[PDB]
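So this one's final09.txt, compact mmCIF, C-alpha atoms:
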# COMPACT_ATOMS: atom_id res chain seq x y z
CA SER A 1 36.95 2.42 0.71
CA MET A 2 38.56 4.57 -2.03
CA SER A 3 39.57 2.39 -5.02
CA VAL A 4 38.66 -0.74 -2.89
CA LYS A 5 35.41 -2.39 -3.79
CA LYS A 6 33.67 -5.67 -3.08
CA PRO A 7 32.76 -7.61 -6.24
CA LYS A 8 29.77 -5.98 -8.16
CA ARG A 9 26.49 -7.89 -7.24
CA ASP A 10 24.29 -7.80 -10.40
CA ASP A 11 21.39 -5.43 -9.59
CA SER A 12 20.15 -4.98 -13.19
CA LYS A 13 17.04 -7.17 -12.67
CA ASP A 14 16.09 -5.78 -9.22
CA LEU A 15 13.46 -3.38 -10.66
CA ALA A 16 11.69 -6.14 -12.53
CA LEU A 17 11.93 -8.60 -9.71
CA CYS A 18 10.52 -6.03 -7.09
CA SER A 19 7.67 -5.40 -9.57
CA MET A 20 6.94 -9.11 -9.72
CA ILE A 21 6.92 -9.43 -5.97
CA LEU A 22 4.64 -6.40 -5.69
CA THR A 23 2.29 -8.00 -8.26
CA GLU A 24 2.10 -11.12 -6.14
CA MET A 25 1.36 -8.99 -3.04
CA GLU A 26 -1.31 -7.02 -4.97
CA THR A 27 -3.10 -10.22 -6.04
CA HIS A 28 -3.05 -12.01 -2.68
CA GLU A 29 -6.54 -12.44 -1.29
CA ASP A 30 -5.53 -10.74 2.00
CA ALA A 31 -4.11 -7.62 0.27
CA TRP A 32 -7.44 -5.67 0.47
CA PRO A 33 -6.50 -3.60 3.57
CA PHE A 34 -3.28 -2.46 1.83
CA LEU A 35 -4.24 -1.79 -1.83
CA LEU A 36 -5.01 1.91 -1.41
CA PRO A 37 -4.04 4.69 0.97
CA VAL A 38 -6.02 4.77 4.24
CA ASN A 39 -8.64 7.54 3.84
CA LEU A 40 -7.36 10.14 6.30
CA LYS A 41 -10.65 12.05 6.26
CA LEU A 42 -12.64 8.92 7.11
CA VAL A 43 -10.50 7.05 9.59
CA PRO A 44 -10.25 8.73 12.97
CA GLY A 45 -6.84 8.70 14.57
CA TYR A 46 -4.92 7.59 11.43
CA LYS A 47 -3.46 10.88 10.40
CA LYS A 48 -2.08 11.73 13.85
CA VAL A 49 -0.92 8.31 14.85
CA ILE A 50 0.69 6.95 11.63
CA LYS A 51 3.44 9.31 10.81
CA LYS A 52 4.28 7.71 7.46
CA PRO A 53 1.31 6.07 5.70
CA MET A 54 2.22 3.58 3.01
CA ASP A 55 0.17 1.28 0.80
CA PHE A 56 0.72 -0.99 -2.25
CA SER A 57 -0.59 1.56 -4.81
CA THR A 58 1.84 4.20 -3.46
CA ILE A 59 4.68 1.70 -3.60
CA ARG A 60 3.65 0.79 -7.17
CA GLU A 61 3.75 4.47 -8.27
CA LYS A 62 7.12 5.08 -6.54
CA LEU A 63 8.48 1.91 -8.21
CA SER A 64 7.23 2.90 -11.64
CA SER A 65 8.65 6.43 -11.44
CA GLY A 66 12.19 5.65 -10.21
CA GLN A 67 11.73 6.75 -6.72
CA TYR A 68 13.41 3.69 -5.16
CA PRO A 69 17.20 4.10 -5.30
CA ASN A 70 17.77 0.43 -4.50
CA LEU A 71 15.94 -2.82 -3.54
CA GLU A 72 16.41 -2.08 0.24
CA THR A 73 14.41 1.16 0.09
CA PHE A 74 11.66 -0.87 -1.67
CA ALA A 75 11.61 -3.47 1.19
CA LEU A 76 11.52 -0.66 3.78
CA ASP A 77 8.26 0.69 2.30
CA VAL A 78 6.71 -2.76 2.05
CA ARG A 79 7.60 -3.43 5.74
CA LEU A 80 6.24 0.06 6.61
CA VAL A 81 2.84 -1.07 5.31
CA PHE A 82 2.87 -3.95 7.84
CA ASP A 83 4.36 -2.03 10.69
CA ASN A 84 1.68 0.60 10.24
CA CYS A 85 -0.96 -2.09 10.21
CA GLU A 86 0.31 -3.57 13.52
CA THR A 87 0.46 -0.07 15.06
CA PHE A 88 -3.22 0.58 14.34
CA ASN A 89 -4.96 -2.81 14.36
CA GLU A 90 -5.40 -5.49 17.01
CA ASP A 91 -3.69 -8.84 16.16
CA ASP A 92 -7.08 -10.54 16.64
CA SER A 93 -8.95 -8.64 13.85
CA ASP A 94 -9.37 -9.43 10.22
CA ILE A 95 -7.00 -6.58 9.21
CA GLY A 96 -4.53 -7.44 11.97
CA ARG A 97 -4.37 -11.05 10.76
CA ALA A 98 -4.15 -9.90 7.13
CA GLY A 99 -1.10 -7.89 7.99
CA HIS A 100 0.67 -10.74 9.62
CA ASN A 101 -0.14 -13.06 6.73
CA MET A 102 1.07 -10.56 4.12
CA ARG A 103 4.29 -9.79 5.96
CA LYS A 104 5.07 -13.55 6.07
CA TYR A 105 4.21 -13.94 2.43
CA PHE A 106 6.45 -10.96 1.53
CA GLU A 107 9.44 -12.03 3.58
CA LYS A 108 9.52 -15.47 2.01
CA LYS A 109 9.33 -14.07 -1.52
CA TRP A 110 12.05 -11.61 -0.59
CA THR A 111 14.42 -14.31 0.77
CA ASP A 112 13.70 -16.67 -2.15
CA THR A 113 14.16 -14.01 -4.82
CA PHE A 114 17.31 -12.27 -3.47
CA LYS A 115 18.95 -14.20 -0.50
Written form, C-alpha cells:
Amino acid sequence: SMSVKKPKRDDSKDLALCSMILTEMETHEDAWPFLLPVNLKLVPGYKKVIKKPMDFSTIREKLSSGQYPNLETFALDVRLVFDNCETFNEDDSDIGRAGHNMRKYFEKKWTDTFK
C-alpha cells in the first residue's frame, strides 16, 4: 500500500530474456503456423471468430517497440497465440498439434527462466 512495498524483484533483464524466449519459439520447427498473422482475406471465418489475432511477428514488433509494460503482458500475448489456435483448429490436425507442442515448449521456458 502507500509507502509499503514488497522487496524490488530485479526486472532489468526481462526485456532481453523475453526476446531470447521469443527467438527460441521463432526457430522451433513447429512455429510455422504462428510466424505471421493469419491472412484475414484468405482464411474464412478467422476474422469473425478470433477477436484478437496474435502471432510471433506481431509479438516481436510489440516487444521491440516498448509496447509490453511488463513480462506478464508478454506471456498473455504468447498464450493468446495458442488459445487462438485451439479455438480454430482441431486437436487432431497438424496445426492443432503444433499449437499444443509450442504452448508446452513456451511454458517450460517461461518457468525455467523466471519461476
Check your understanding: Taking into account only C-alpha atoms, which residue in the set A:70, A:64, A:39, A:84 is nearest to residue 52 of chain A?
Key ->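 Distance minimum relative to residue 52 of chain A lands on A:84.
In this model, the gap between atom CA of residue 54 of chain A and atom CA of residue 73 of chain A comes to 12.8 Å.
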Point to revise | Of the listed residues A:49, A:25, A:98, A:57, that which approaches residue 37 of chain A most closely, counting only C-alpha atoms | key: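 Among the listed residues, A:57 lies closest to residue 37 of chain A.
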Practice item. Name the residues in contact with residue 74 of chain A at a cut-off of 9 Å, using all atoms listed in the file, excluding same-chain residues fewer than 5 positions from it; report them as a list in words. Key: residues 18, 59, 62, 63, 68, 69 and 79 of chain A
Can you write just those residues out, C-alpha atoms, as a CSV table (one decimal), in the coordinates of the input?
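Generated output (out19.csv):
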chain,number,residue,atom,x,y,z
A,18,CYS,CA,10.5,-6.0,-7.1
A,59,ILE,CA,4.7,1.7,-3.6
A,62,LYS,CA,7.1,5.1,-6.5
A,63,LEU,CA,8.5,1.9,-8.2
A,68,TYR,CA,13.4,3.7,-5.2
A,69,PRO,CA,17.2,4.1,-5.3
A,79,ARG,CA,7.6,-3.4,5.7
Leaving out residue 83 of chain A and any residue of its chain fewer than 4 positions from it, which residues lie within 12 Å of it when counting all atoms listed in the file, given as a PDB file with C-alpha atoms, keeping the file's coordinate frame?
ATOM      1  CA  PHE A  34      -3.280  -2.460   1.830  1.00  0.00           C
ATOM      2  CA  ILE A  50       0.690   6.950  11.630  1.00  0.00           C
ATOM      3  CA  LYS A  51       3.440   9.310  10.810  1.00  0.00           C
ATOM      4  CA  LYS A  52       4.280   7.710   7.460  1.00  0.00           C
ATOM      5  CA  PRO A  53       1.310   6.070   5.700  1.00  0.00           C
ATOM      6  CA  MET A  54       2.220   3.580   3.010  1.00  0.00           C
ATOM      7  CA  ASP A  55       0.170   1.280   0.800  1.00  0.00           C
ATOM      8  CA  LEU A  76      11.520  -0.660   3.780  1.00  0.00           C
ATOM      9  CA  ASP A  77       8.260   0.690   2.300  1.00  0.00           C
ATOM     10  CA  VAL A  78       6.710  -2.760   2.050  1.00  0.00           C
ATOM     11  CA  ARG A  79       7.600  -3.430   5.740  1.00  0.00           C
ATOM     12  CA  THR A  87       0.460  -0.070  15.060  1.00  0.00           C
ATOM     13  CA  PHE A  88      -3.220   0.580  14.340  1.00  0.00           C
ATOM     14  CA  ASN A  89      -4.960  -2.810  14.360  1.00  0.00           C
ATOM     15  CA  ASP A  91      -3.690  -8.840  16.160  1.00  0.00           C
ATOM     16  CA  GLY A  96      -4.530  -7.440  11.970  1.00  0.00           C
ATOM     17  CA  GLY A  99      -1.100  -7.890   7.990  1.00  0.00           C
ATOM     18  CA  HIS A 100       0.670 -10.740   9.620  1.00  0.00           C
ATOM     19  CA  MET A 102       1.070 -10.560   4.120  1.00  0.00           C
ATOM     20  CA  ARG A 103       4.290  -9.790   5.960  1.00  0.00           C
TER      21      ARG A 103
END
Review point. Mind pulling up the distance from atom CA of residue 80 of chain A to atom CA of residue 15 of chain A?
Key: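 According to the coordinates, atom CA of residue 15 of chain A and atom CA of residue 80 of chain A are separated by 19.0 Å.
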**Study point:** Residue nearest residue 81 of chain A - candidates A:32, A:56, A:110, A:46, atoms counted: only C-alpha atoms
**Key:** A:56
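For the residues A:75, A:82, A:2, A:12, ranking by smallest atom-to-atom distance to residue 31 of chain A using all atoms listed in the file places A:82 first.
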